[PDB]
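Breakdown of the fold
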Amino acid sequence: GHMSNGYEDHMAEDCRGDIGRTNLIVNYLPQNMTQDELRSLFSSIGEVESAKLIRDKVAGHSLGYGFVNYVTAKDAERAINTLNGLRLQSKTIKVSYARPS
């Protein structure tokens, strides 16, 4: 596809991640996890503005990613260094600023 990005959290700078990136894309979410789980785990970092879990309408279940907007770009980064690579339900997830643009 076009979004050929393994999510190095745009550590190499660049990209749309220096504006006000509070939106955190969390990929590799456990295939049976929930928004509330995705949301609570990031609520561990701090205040989560809004957290979504991406699934099919029915069958597809968790499609393996979600988006947790923080109230801060501070706790967003905080989630990337802390929560990115977290064992959620034995699964390892990857959090990064969900590229806004």
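Analysis parameters
Residues numbered from 1 in each chain as written, not as in the entry; some residues may be left out. Heavy atoms only, no water. Buried < 20%, exposed > 50% of the residue type's maximum accessible area, 1.4 Å probe, protein only. Helix = DSSP H or I, 4+ residues; strand = E, 2+ residues; numbered from the N terminus. Pairing = 2+ DSSP bridges. 1 Å grid on protein atoms, 1.4 Å probe; cavity = no way out; pocket = protein on both sides within 12 Å on 5 of 7 lines; lining within 4 Å. Points joined across faces, edges and corners; volume = space filled by probe spheres on them. Nonpolar A, V, L, I, M, F, W, Y, C, P; charged D, E, K, R; others polar. Salt bridge = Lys/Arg side-chain N within 4 Å of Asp/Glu carboxyl O.

Its PDB header attributes the entry to solution NMR.

Here the focus is the pairing of strand 1 (residues 23-27). A large share of strand 1 lies buried, amounting to four of its five residues. Two strands pair when backbone bridges link them, and strand 1 and strand 3 (residues 62-70) are joined in this way by five bridges, in the antiparallel orientation. Looking at the pairing, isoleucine 25 lines up with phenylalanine 67 of strand 3. Of the strand pairs in this sheet, strand 1 and strand 6 (residues 94-97) are connected by four bridges, and their pairing is antiparallel. Its bridge partner lying in strand 6, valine 26 is registered against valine 95.

Our next topic: the layout of surface pockets. Its volume calculated, the largest pocket comes out at about 260 Å³. For the lining of the largest pocket, the elements supplying multiple residues, two or more each, are strand 1 and strand 3. Its residues assigned to classes, the lining of the largest pocket comprises eight nonpolar, five polar and one charged.

What follows covers the pattern of salt bridges. Any two side chains of opposite charge can pair, so long as their charged atoms come close to each other. Considering all chains together, one arrives at one salt bridge under this definition. Between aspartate 75 and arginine 78 there is a salt bridge; the shortest N-O distance is 2.7 Å. Here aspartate 75 pairs with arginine 78, and both are found in helix 2 (residues 74-82), just three residues apart, close to one helical turn. The class for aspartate 75 is buried, based on a relative accessible area of 7%.

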